[PDB]
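# This one's a deposited entry, sequence included:
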Amino acid sequence: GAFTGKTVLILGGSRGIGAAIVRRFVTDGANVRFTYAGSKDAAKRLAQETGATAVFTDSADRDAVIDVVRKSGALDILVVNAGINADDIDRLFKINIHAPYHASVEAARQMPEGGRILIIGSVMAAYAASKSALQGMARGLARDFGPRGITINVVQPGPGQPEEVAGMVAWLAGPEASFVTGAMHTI
Amino acid sequence: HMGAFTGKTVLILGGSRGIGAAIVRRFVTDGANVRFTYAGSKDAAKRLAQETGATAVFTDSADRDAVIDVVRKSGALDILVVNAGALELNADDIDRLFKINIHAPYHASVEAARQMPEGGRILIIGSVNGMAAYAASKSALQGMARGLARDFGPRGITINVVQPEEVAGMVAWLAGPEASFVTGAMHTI
């Protein structure tokens, strides 16, 4: 496969876009581990189908996110899938902004040069702030970890779709996108 | 004396130091009833309050509930000013940064909009210039201003971001009569 021998970690990979990304990297011969929270049964079936390793992790819980990344050693590719009241808004910010930041920083300091960090945006006005934040974060991270030979890209899906997003993710993780970083890609 | 904002109530989140203090002075000069929140020195906040004749109240901008509460306690305010803003940062301080620069401006603006009359003015002050956390926060504010303007538009409430006395002047102008149609934009000084 195109990613044979590569170590991949996918946060929030049990369902939808996340699951498609898991399937894509496994099909391309990569060693894949992914995380899940509420959907245990979905993660179980995905692990059974692909052979990928599933680990429970609360994406809203910051320390859990940092821990699961840290325990993954020198990963080659990190994928952070955001997924889908004042508490609802704060939850949205933690998944769209906080979790991708902490995971990316933790991963980047463990990655070899050529490492790829990929963030999948979530699918009122907190959304506009979240999307904008990810675009800004992509630019900032690229500046920060560019000298390390690490690329950072955001894939923002529209309001099937998972397979197409996974294709974009795979391309961005590949050799043809080595000079593409600090970007948000709308698909 | 009376001025441009006589009879108007202004709430300034984080107006104890720097740009915040300048904005406090400017609105008092323009005759407004000014209240501001402080996070650090009680002595400095009390000093500024007595010097300017403004109200000072403690509030940690990182605390969502405290931010929402202090806005609610302000009643039917006319102008809201949210003043946002090391070798290595720990995870908690990063989350604090995001809460101060992203969470607080959102919740404060949303809560203030529920209390404002037509013509109400919301003004967010950006951080003074690892870059990633800063870049994300600045971009977030720009996207937030546009998104909230659509929600606040039919209410007659405008919202703008001022990204850094020059700031205080731009703040007072955006809060003035001429900028009644100006909303949802980020303005660099």
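Good, I have the coordinates. Numbering: from 1, shown residues only, chains lettered A, B, ... in the order given.

# From now on I want contacts and neighbour counts done on CA atoms only, so please keep to that.
Fine.

# Could you report the separation of the residue in chain A that chain B sits nearest to from residue B:138?
At 3.8 Å from chain B, residue A:140 is the closest residue in chain A, using Cα to the nearest Cα. Note on residue A:140: its distance to residue B:138, by Cα to Cα, to the nearest Å, is 11 Å.

# So for these two, which sits in the more crowded spot?
residue B:138 (25 against 21; other Cα atoms under 10 Å in any protein chain shown).

# tell me which element the more buried one falls in.
Using DSSP states H and E, residue B:138 falls within helix B:132-152.

# returning to that earlier point: which residues touch the closest residue to the residue of chain A closest to chain B other than its chain neighbours?
The shortest distance from residue A:140 to any non-neighbouring residue, by Cα to Cα, 6 or more residues apart in numbering or on different chains, is to residue B:132 (3.8 Å). Shown in contact with residue B:132 (Cα atoms under 8 Å, 6 or more residues apart in numbering or on different chains): A:136, A:137, A:138, A:139, A:140, A:141, A:144.

# how about 10 Å then?
A:101, A:105, A:133-134, A:136-145 (Cα atoms under 10 Å, 6 or more residues apart in numbering or on different chains).

# Of those, which pair is most distant in space?
Farthest-apart pair in the contacts of residue B:132 is A:133 and A:145; separation 17.8 Å (Cα to Cα).

# What is the end-to-end distance of stretch A:27-37?
Span of stretch A:27-37 from end to end, Cα to Cα: 24 Å.

# Start and end of stretch A:80-87, how far apart?
22 Å.

# To clarify, my last question referred to stretch A:6-20.
Span of stretch A:6-20 from end to end, Cα to Cα: 18 Å.

# and that stretch, how far out from the chain's middle?
When distances are taken as Cα atoms, centre = their mean, to the nearest Å, stretch A:6-20 is centred 7 Å away from the chain's centroid.

# What of stretch A:41-54?
Distance, centroid of stretch A:41-54 to centroid of chain: 17 Å (Cα atoms, centre = their mean).

# Please apply the same query to stretch A:164-181.
That offset, for stretch A:164-181, works out to 12 Å (Cα atoms, centre = their mean).

# What of stretch A:27-43?
12 Å.

# cool, and stretch A:110-126?
On the basis of Cα atoms, centre = their mean, stretch A:110-126 is displaced by 5 Å from the centre of the chain it belongs to.

# likewise stretch A:108-123?
That offset, for stretch A:108-123, works out to 7 Å (Cα atoms, centre = their mean).

# tell me how far the ends of that stretch are from each other?
Chord length of stretch A:108-123, first to last residue, is 25 Å (Cα to Cα).

# Ok, stretch A:4-21 next?
Terminal residues of stretch A:4-21 are spaced 15 Å apart (Cα to Cα).

# where does residue A:3 fall, phi/psi-wise?
Note on residue A:3: backbone dihedrals following degrees, to the nearest 10 are phi -120, psi 30.

# Next: residue A:57.
The phi/psi pair for residue A:57 (degrees, to the nearest 10) reads phi -160, psi 130.
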